[PDB]
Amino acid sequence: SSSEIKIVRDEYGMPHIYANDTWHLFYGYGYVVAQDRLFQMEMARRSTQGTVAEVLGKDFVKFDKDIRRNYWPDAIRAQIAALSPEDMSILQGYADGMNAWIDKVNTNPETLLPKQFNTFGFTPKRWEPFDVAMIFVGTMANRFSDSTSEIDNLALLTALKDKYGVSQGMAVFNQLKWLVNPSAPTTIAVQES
């Protein structure tokens, strides 16, 4: 069947999802993630959207403001709205899968609720496609692809000019923060390109 989602766990607990369509396949994935890593995922959602002070307090206000100032939520929603129904299924399947398991947990918290929700004094909320997208945006795009020190570099350069004069300040800048160095060991050999 098309309604059927089979979940097989191996000797390490690693889940394997058997499904006939995209929505059912990502629903299965979403479901096991909510089973295995709900507190982690929940904290990862608040970290990537800047909503930690709500449950954790005063100490995270600066963190929350810094996260919100580094993105444009509306630009992310517009990319979601432009997806094709097959692409959209991935994200919707996933959020739906998670929600299915959050509903049972929230229904039977005396045995299903992750101990840390009790510790931290809050409970899990339902997910939407925007939330799934933000997990990737916040930890892959801002973690590994958002690197610059240009304002700082300018500050440094200004101090080198005040020390060695204008032309000298600039040549020292090139010695400390060169653009390229032809002796750098490379992944692609020079014969290749």
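Superpose the two forms; the largest set of C-alphas matching within 1.5 Å is the rigid core. The numbering used is simple: start at 1 and walk along the sequence shown.
J.: Do the Cα atoms of 135-143 stray more than those of 148-156 in 8 other deposited structures of this protein, or is it the other way round, with the core held fixed?
T.: Farther from the shown form on average in 8 other deposited structures of this protein: 135-143.
J.: Is the mean CA B factor in the deposited entry higher across 157-165 or across 139-147?
T.: If you average the C-alpha B-factors of 157-165 and of 139-147, the larger mean comes out for 157-165.
J.: So 87-95 or 102-110, which one's hotter by mean CA B-factor in the entry?
T.: In the deposited entry, the stretch with the higher C-alpha B-factor mean is 102-110.
J.: From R45, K58, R37, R69, can you pick the one with the highest C-alpha B factor in the entry?
T.: Going by the entry's C-alpha B-factors, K58 comes out highest.
J.: Looking at the temperature factor on the CA atom of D64, which third of the chain's modelled residues does it land in?
T.: Ranked within chain, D64 CA B lands in the middle tercile.
J.: How does the C-alpha B factor of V8 compare with the rest of the chain: lowest, middle or highest third?
T.: Middle third.
J.: Quick check for you: using the entry's CA B-factors within this chain, is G30 in the lowest, middle or highest third?
T.: Lowest third.
J.: Going by the entry, which third of its chain does the Cα temperature factor of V172 land in?
T.: Middle third, going by the recorded CA B-factors of the chain.
J.: With respect to C-alpha B-factor, does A189 fall in the lowest, middle or highest third of the chain as deposited?
T.: Within its chain, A189 is a middle-third residue by C-alpha B-factor, going by the deposited values.
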